[PDB]
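Visitor:
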Amino acid sequence: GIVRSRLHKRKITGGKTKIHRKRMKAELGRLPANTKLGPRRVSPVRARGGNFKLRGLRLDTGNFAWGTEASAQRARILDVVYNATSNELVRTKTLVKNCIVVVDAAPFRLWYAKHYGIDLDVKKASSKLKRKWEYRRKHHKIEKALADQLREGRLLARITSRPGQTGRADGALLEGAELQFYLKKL
Amino acid sequence: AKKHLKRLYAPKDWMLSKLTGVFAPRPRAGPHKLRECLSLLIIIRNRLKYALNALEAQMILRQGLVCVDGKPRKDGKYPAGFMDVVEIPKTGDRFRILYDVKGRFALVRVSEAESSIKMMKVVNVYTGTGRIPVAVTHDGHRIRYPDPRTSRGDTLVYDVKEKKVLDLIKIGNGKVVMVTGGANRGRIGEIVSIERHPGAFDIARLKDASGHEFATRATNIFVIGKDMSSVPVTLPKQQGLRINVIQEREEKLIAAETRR
Amino acid sequence: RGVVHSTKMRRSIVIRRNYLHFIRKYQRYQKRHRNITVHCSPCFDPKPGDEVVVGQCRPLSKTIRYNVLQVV
RNA sequence: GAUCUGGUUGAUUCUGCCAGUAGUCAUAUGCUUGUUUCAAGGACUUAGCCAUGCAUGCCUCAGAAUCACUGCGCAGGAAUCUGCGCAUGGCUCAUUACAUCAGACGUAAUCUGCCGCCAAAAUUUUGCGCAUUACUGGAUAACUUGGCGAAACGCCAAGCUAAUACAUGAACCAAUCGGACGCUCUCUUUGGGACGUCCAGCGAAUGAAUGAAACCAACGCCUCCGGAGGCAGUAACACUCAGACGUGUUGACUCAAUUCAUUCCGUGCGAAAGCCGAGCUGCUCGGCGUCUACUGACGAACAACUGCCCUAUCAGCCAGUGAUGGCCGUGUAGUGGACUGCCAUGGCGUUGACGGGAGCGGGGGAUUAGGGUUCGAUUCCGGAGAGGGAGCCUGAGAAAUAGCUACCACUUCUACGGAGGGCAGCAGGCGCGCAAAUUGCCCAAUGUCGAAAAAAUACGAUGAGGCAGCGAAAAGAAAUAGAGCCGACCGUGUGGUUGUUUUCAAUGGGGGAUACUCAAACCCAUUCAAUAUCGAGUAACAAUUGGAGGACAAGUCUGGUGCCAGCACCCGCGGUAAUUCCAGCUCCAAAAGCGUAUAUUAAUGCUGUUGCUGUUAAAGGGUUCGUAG
RNA sequence: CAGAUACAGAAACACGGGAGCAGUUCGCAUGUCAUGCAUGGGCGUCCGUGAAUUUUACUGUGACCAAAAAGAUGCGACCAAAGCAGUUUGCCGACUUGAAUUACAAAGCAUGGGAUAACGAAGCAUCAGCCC
RNA sequence: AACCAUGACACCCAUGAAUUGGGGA
RNA sequence: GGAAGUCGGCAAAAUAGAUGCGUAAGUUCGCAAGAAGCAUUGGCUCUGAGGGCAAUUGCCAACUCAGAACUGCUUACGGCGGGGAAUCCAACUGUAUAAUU
Ligand SMILES: [K+]
Ligand SMILES: [K+]
Ligand SMILES: [K+]
Ligand SMILES: [K+]
Ligand SMILES: [K+]
Ligand SMILES: [K+]
Ligand SMILES: [K+]
Ligand SMILES: [Mg+2]
Ligand SMILES: [Mg+2]
Ligand SMILES: [Mg+2]
Ligand SMILES: [Mg+2]
Ligand SMILES: [Mg+2]
Ligand SMILES: [Mg+2]
Ligand SMILES: [Mg+2]
Ligand SMILES: [Mg+2]
Ligand SMILES: [Mg+2]
Ligand SMILES: [Mg+2]
Ligand SMILES: [Mg+2]
Ligand SMILES: [Mg+2]
Ligand SMILES: [Mg+2]
Ligand SMILES: [Mg+2]
Ligand SMILES: [Mg+2]
Ligand SMILES: [Mg+2]
Ligand SMILES: [Mg+2]
Ligand SMILES: [Mg+2]
Ligand SMILES: [Mg+2]
Ligand SMILES: [Mg+2]
Ligand SMILES: [Mg+2]
Ligand SMILES: [Mg+2]
Ligand SMILES: [Mg+2]
Ligand code: NA
Ligand code: NA
Ligand code: NA
Ligand code: NA
Ligand code: NA
Ligand code: NA
Ligand code: NA
Ligand code: NA
Ligand code: NA
Ligand code: NA
Ligand code: NA
Ligand code: NA
Ligand code: NA
Ligand code: NA
Ligand code: NA
Ligand code: NA
Numbered sequence: 002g003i004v005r006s007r008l009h010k011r012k013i014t015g016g017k018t019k020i021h022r023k024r025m026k027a028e029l030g031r032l033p034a035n036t037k038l039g040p041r042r043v044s045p046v047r048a049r050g051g052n053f054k055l056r057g058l059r060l061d062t063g064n065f066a067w068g069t070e071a072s073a074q075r076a077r078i079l080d081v082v083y084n085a086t087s088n089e090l091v092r093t094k095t096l097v098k099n100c101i102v103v104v105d106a107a108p109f110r111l112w113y114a115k116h117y118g119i120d121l150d151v152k153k154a155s156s157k158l159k160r161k162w163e164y165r166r167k168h169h170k171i172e173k174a175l176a177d178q179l180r181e182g183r184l185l186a187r188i189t190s191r192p193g194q195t196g197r198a199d200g201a202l203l204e205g206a207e208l209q210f211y212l213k214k215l
Numbered sequence: 002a003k004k005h006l007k008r009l010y011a012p013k014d015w016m017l018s019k020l021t022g023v024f025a026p027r028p029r030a031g032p033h034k035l036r037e038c039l040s041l042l043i044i045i046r047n048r049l050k051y052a053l054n055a056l057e058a059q060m061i062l063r064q065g066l067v068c069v070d071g072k073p074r075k076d077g078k079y080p081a082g083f084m085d086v087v088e089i090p091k092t093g094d095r096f097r098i099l100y101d102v103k104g105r106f107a108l109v110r111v112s113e114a115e116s117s118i119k120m121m122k123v124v125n126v127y128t129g130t131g132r133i134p135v136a137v138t139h140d141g142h143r144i145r146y147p148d149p150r151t152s153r154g155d156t157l158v159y160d161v162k163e164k165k166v167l168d169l170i171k172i173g174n175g176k177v178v179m180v181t182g183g184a185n186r187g188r189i190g191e192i193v194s195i196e197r198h199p200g201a202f203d204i205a206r207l208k209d210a211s212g213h214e215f216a217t218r219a220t221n222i223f224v225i226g227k228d229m230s231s232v233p234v235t236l237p238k239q240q241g242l243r244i245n246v247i248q249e250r251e252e253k254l255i256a257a258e259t260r261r
Numbered sequence: 088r089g090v091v092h093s094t095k096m097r098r099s100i101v102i103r104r105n106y107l108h109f110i111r112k113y114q115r116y117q118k119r120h121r122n123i124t125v126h127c128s129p130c131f132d133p134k135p136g137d138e139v140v141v142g143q144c145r146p147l148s149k150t151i152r153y154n155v156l157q158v159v
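Chains as they are written, first to last, in the authors' numbering: chain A5, 2 to 121, 150 to 215; chain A1, 2 to 261; chain AE, 88 to 159.
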């Protein structure tokens, strides 16, 4: 079948390798996944040494982390926005590692108001929490490049998993000069 | 995934004749390496002639008469290695597996108190889930909470009947070692020094008791004690002292002449 | 160790190894050589004709198997 | 053993090749062969074609028995389901030069059943109706009732019943530790404490932290109700624990490991909802069996530093469609141009690339002053294949040939609808050739597999393996006679000797056991009385194969032929007296052996590094310049 | 004595997670809500940081190397080709052996520095006292 | 028969008469 | 069916644009050569490359080439080389019997 050996390539001198022995199972490959975007569906692949991989087909949502605040939250993926391998991957709405996507940002608006008391269920709050917010508010600040995004309810993020391998779509928000990189890029 | 062992490919220390059969018993995986061990069927049938054929060893081993670490073993192809106590309670004899002065396997009769003691060489120290320091041993045992001073090269004195550590003997120049691989196997001497060579094999320079000098790779010494006297275990006849080949030949010749 | 031969790639150089082989019958030597391609990080900056020390790695390409440490 | 000899001339001294000579576990053919020991044996050519039979299965005290099975309720248990194995062994050498392999090393780039040490505190369940606490559910074989089909390792429907197959599901009584809230209670002035609620097990994914070692304002303490010091001591942490980690490992880590946040839905997790011994429904002790997590060993795959015949009447090779490198990606167990998209223009070569020829690598054999030349299909290690060539399921591990699917070439049975076959496994046949063995016995030894020690009211398989039949491949021992007697002598100077008569002991070829061997038979090894056991005398128990001019040991013998017939490896012999042909008689070599043919090593200083030759014998370029060397 | 000249793997600066109680050489007292049952003048160690900071071939000796085969050490398998076994003027045993080698080239620790070869230089391209 | 049928570079090596070119006395 | 017709393949049929690859004998080294031969081609929805002017931004122009997904065929205007192996003659381009060469 598909093979991963080197017996078919050319030598560095340009010569042609003569092949003795038949094909072996240890170097087999398999057809890719081409993970789309939609309702979740997976298939079990029996790997080497027992085990199983989650071939992800049309995943829908995943866990997106917030590095600066050391937090994570479950959010939905709206659409893929950027890819670096090819433009054709964006059009087909495929999911692979390091894609640039957009997420709802409604849950993150909930976390920020709960954690800090700033809303972009707040008046109802005990006096202990009503004094803790000012403590965090004193020694923590936020950037306009992300304050504006939360107001608009649409956040840019990047995938950080292998959907055709682990069957998930995890990621992290874009902050700092990296975010300004893609903002100019779009 | 091999399952046989041709006679000619077997280790020489088993001393199996090349005219008797074509195959040898392949040692199953376990505490000691295939090259650096001898099986239980070998000991029962070839060292002590309790059993004549290989069917008789089954008639002994399948009953659990033979013990190898305080637990009876029923597998003939069990791998038994250096510093292992073999006791047959019915016959009452206990042997410890050691190397003789020529690098061959030696079984020396030990006492009752000695048979409960075993020495182990640390090879790796790591942490388990939680914070559990567990140290691996040259025979594969894992010790759950060793002395926090234990390191790679040291050795542990172990009680087998009840599982606990007696004491830890670290490494250093004063201590006495025994060479466990490399054609110097079976020599006792002190640590003159050890050379580092980072990224490669350390070289340890040793001095024999008779003032001779010899060297070997640092991964072949098994520190026994801090002095020759303070040895927790017994020792073979020669005490690991090798002498000249011509002197060996001459002593053997005259000894045969006085004998007859 | 070897001598840097070509630096036409990107973050990659070619080094030449010169040695002598001994033929038993004629009790004499003969020059030989072997070519080896290695990866060179931008911390260094070797010119053709220098000497480099290289250590093994994991396969980084079809041919590259060594990495450059301590150009001299 | 550091050796040489015949042929060019009327003679001589050379160069030089032909011929002689000794080996070969090196093949074949010819002649001849009493004993015994040890032994290779259809590679060579045709990896050509194959009739028939056998080669891989396994049950203990310890998964599952209502055989309409057997033996006097107890035992033995045919048959099927479940667990493990069949990827090992055996055979062959077709392919193959940055491949395979050998010496040295790696995986910090990974997977890993059986084996060895060893770990486990998540889970609201069941009976009664709120008190109690593991007697959980359905189905399916084997069977019998109909059967189909010419077969065929063919197949259908109905009715029963198990589990260590399958599927659910266990509060109990079980610790330690940490986060987030309430506008619930208490005190003084996040203050603190409590009460309530939610989350907090192993493993996986994502993100953050640790993974060290180079004068004031708030808090602690002391001193003298409340009301004021000013720094002696003092690992830290607001009590339940005044040390319950301030310290993983490496040559090196984005590794080991800890805390926090948001998440795993089948593609993971048990106390088998179990099997035997006992001891005393109702308890105690002891052997077993199985899920999941972790790291040692037996392994697997991949990378590879150096080396390995002949050829230039093979000089350039590589890039659309991957060639050399870069960047995010995808596939894999994992790295990688292994692969998709984009980018750059590289990589190799007279130190022989690219192409062609012969060829499985090595450990090693033959020949040996020394240096060398040559062989290696073949018993150990590694690789590869199962008529030709490709795909894949199940497994921890296969791209498996006594697994499946298809196509190509040959091929078997049939009722003409169809169904099969794979000896480069064992023995055997046809063909091919100069050329190679019995259609034998056994699990006794050596081992592998297994649910197994051996013994019984109760015998695991195994052409792997071993044993014997055939066998001048080759190798080791070794008979075919020893002492005298009396004449006849031969030479030499009285002492070996050469036939003629004739005794006199000894021994094995030959044949037989009280018997040994043997897994059973055979061969060795013992022995012809231990009261008590067969046998050489023209020793018909009869040694051959090549030669006698030279090389080269051995006849100037006797008949026949007449440049004929023939010999002769080379020089030569034969035309009427042949030292050479065909024969008789003698003799020589070596001997149960000896000739012939082909290949190869030494002879060969006729391939010369040690160590050749080049004025005239073969051979110095027409002369200068000149780069790699 | 020191220092000063040469030489130096070595010299200066630090590490108490550094030398199984912080190496070697010139039992009162602290604590006591305690298992607190505890503690009671230079070298040479160790680990990091800066000056300094030569490599190869050849030769000696070690490291590291399946067996079978090959050389061989020991033992009348009746000898030998073989094989690792076997020997007691006898008992319920004793002595036990099975040594030790080699290796095309490459590889790896350390000794010398004679013959060698790899770098560098082309000398005005160089100028630089030390101490207080 | 492009011949000395005699490749290029370097060292040592016995005598007596001549000859071509330069130099010293 | 495929030159059997005929003095004779006369006449007809037949090839055909463009793009990528590939191309022999012979040779005066220029050629032979479009030698020979193989593949692709529609419609629709997109993507990339190739520029100018003002202060990294803004505005603006030309159709060429390359690539992808989906979808379809009844092979579907016009225009547009059939090819190969040889023999004889003349080297070649050219001229030449207006009205049979
Ligand atoms: K196959
Ligand atoms: K056969
Ligand atoms: K005879
Ligand atoms: K004759
Ligand atoms: K010659
Ligand atoms: K002149
Ligand atoms: K043409
Ligand atoms: Mg996500
Ligand atoms: Mg002549
Ligand atoms: Mg054949
Ligand atoms: Mg076991
Ligand atoms: Mg539990
Ligand atoms: Mg629970
Ligand atoms: Mg071949
Ligand atoms: Mg062959
Ligand atoms: Mg083999
Ligand atoms: Mg077969
Ligand atoms: Mg024959
Ligand atoms: Mg001859
Ligand atoms: Mg004559
Ligand atoms: Mg020869
Ligand atoms: Mg000349
Ligand atoms: Mg010329
Ligand atoms: Mg041997
Ligand atoms: Mg006609
Ligand atoms: Mg026409
Ligand atoms: Mg041409
Ligand atoms: Mg064309
Ligand atoms: Mg014309
Ligand atoms: Mg006209
Ligand atoms: Na039973
Ligand atoms: Na049962
Ligand atoms: Na054979
Ligand atoms: Na195979
Ligand atoms: Na065949
Ligand atoms: Na087949
Ligand atoms: Na057997
Ligand atoms: Na056999
Ligand atoms: Na010679
Ligand atoms: Na000549
Ligand atoms: Na002797
Ligand atoms: Na003998
Ligand atoms: Na011998
Ligand atoms: Na001449
Ligand atoms: Na000439
Ligand atoms: Na014209």
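The C-beta atom is built at its ideal place from N, Cα and C for all residues, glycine as well.
(1) Ordered along the chain, which non-local residues of its own chain (more than five positions away) have a Cβ less than 6 angstroms from that of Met-179 (chain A1)?
(2) In the DSSP assignment, find the unbroken alpha helix (DSSP H) run with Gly-193 (chain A5) in it and report its ends.
(3) Report buried or exposed for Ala-205 (chain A1), applying the criterion of at least 16 other Cβ atoms within 10 angstroms of its Cβ.
(4) Give the C-beta separation of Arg-103 (chain AE) and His-120 (chain AE) to the nearest angstrom, bearing in mind that I take them to be a contact with Cβ-Cβ under 8 angstroms.
(5) Buried or exposed, going by whether 16 or more other CB atoms sit within 10 Å of the CB of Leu-32 (chain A5)?
(6) Among the residues of its own chain, which have a CB less than 8 angstroms from the CB of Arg-143 (chain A1), if the five just before and after it don't count?
(7) Do the CB positions of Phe-65 (chain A5) and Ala-201 (chain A5) come within less than 8 angstroms of each other?
(8) Just to confirm before moving on: does the CB-CB distance between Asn-221 (chain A1) and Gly-175 (chain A1) stay below 8 angstroms?
(9) Consult DSSP for residue 271 (chain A1) and reduce its assignment to one of helix, strand or coil.
(10) Taking the beta carbon of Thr-128 (chain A1) as the centre, do at least 16 other beta carbons fall within 10 Å, making it buried, or is it exposed?
(11) Determine the contact status of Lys-75 (chain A1) and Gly-65 (chain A1), defining contact as a CB-CB distance below 8 angstroms.
(12) Just list the beta strand (DSSP E) runs in the stretch 117-158 of chain AE, keeping only unbroken ones of 3 residues or longer that don't cross its boundaries, in chain order.
(13) Roughly how many angstroms lie between the CA atoms of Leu-242 (chain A1) and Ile-89 (chain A1), to the nearest whole one?
(14) Going by the beta-carbon positions, is the gap between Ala-219 (chain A1) and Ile-255 (chain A1) smaller than 8 angstroms?
(15) Of the choices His-126 (chain AE), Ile-151 (chain AE), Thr-150 (chain AE) and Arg-145 (chain AE), whose alpha-carbon is the least far from that of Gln-157 (chain AE)?
(16) Can you find a heavy atom of ligand 11 that lies under 7 angstroms from the Cβ of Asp-76 (chain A1)?
(17) Select from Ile-170 (chain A1), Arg-29 (chain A1), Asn-54 (chain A1) and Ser-116 (chain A1) the residue whose C-alpha is nearest the C-alpha of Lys-227 (chain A1).
(18) State the start and end residues of the unbroken alpha helix (DSSP H) segment that holds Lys-159 (chain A5).
(19) Is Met-179 (chain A1) helix, strand or coil by DSSP?
(20) With distances taken Cα to Cα, identify the nearest neighbour of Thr-14 (chain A5) among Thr-150 (chain AE), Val-159 (chain AE) and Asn-154 (chain AE).
(21) Taking the CB atoms as reference points, tell me whether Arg-77 (chain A5) and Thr-95 (chain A5) lie closer together than 8 angstroms.
Guide: By the coordinates alone:
(1) Annotation for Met-179 (chain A1): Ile-189, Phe-223 and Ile-225 place their beta carbon closer than 6 angstroms to its own, counting only its chain and skipping 5 residues before and after.
(2) 192-195 is the span of the alpha helix (DSSP H), which, as asked, contains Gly-193 (chain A5).
(3) Counting C-beta atoms within 10 angstroms of its own C-beta, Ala-205 (chain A1) has 16 or more neighbours from the protein chains shown and is therefore classed as buried.
(4) Cβ-Cβ separation between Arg-103 (chain AE) and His-120 (chain AE): approximately 6 angstroms, consistent with a contact (criterion under 8 angstroms).
(5) Under this definition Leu-32 (chain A5) is an exposed residue.
(6) Excluding residues within five positions, the ones whose Cβ falls inside 8 angstroms are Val-135, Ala-136 and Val-137.
(7) Judged by beta-carbon spacing, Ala-201 (chain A5) lies within the 8 angstroms limit of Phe-65 (chain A5), meaning their Cβ atoms are closer than that value.
(8) Against a cut-off of 8 angstroms, the Cβ pair of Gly-175 (chain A1) and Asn-221 (chain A1) comes out as no contact.
(9) Here chain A1 comprises residues numbered 2 to 261, so residue 271 (chain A1) is not present and cannot be evaluated.
(10) Per the 10 Å Cβ criterion, exposed.
(11) By the CB criterion at 8 angstroms, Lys-75 (chain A1) and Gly-65 (chain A1) fall inside the cutoff.
(12) Fully enclosed beta strand (DSSP E) runs of 3 or longer: 138-143 and 153-156.
(13) The alpha-carbon atoms of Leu-242 (chain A1) and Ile-89 (chain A1) are separated by roughly 30 angstroms.
(14) No, the pair does not count as a contact, with Cβ atoms beyond the cut-off.
(15) Ranked by how close their Cα comes to the Cα of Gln-157 (chain AE), the residues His-126 (chain AE), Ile-151 (chain AE), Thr-150 (chain AE) and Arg-145 (chain AE) have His-126 (chain AE) in first place.
(16) In this structure, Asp-76 (chain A1) has its CB closer than 7 angstroms to one or more heavy atoms of ligand 11.
(17) Ranked by Cα distance from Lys-227 (chain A1), the options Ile-170 (chain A1), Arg-29 (chain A1), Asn-54 (chain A1) and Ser-116 (chain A1) are led by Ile-170 (chain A1).
(18) Counting along the chain, the alpha helix (DSSP H) containing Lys-159 (chain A5) begins and ends at 156-168.
(19) The answer is strand: DSSP assigns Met-179 (chain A1) an E or B state.
(20) When only C-alpha atoms are compared, the closest one is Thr-150 (chain AE).
(21) It is not a contact, given that the beta carbons lie outside the stated cut-off.
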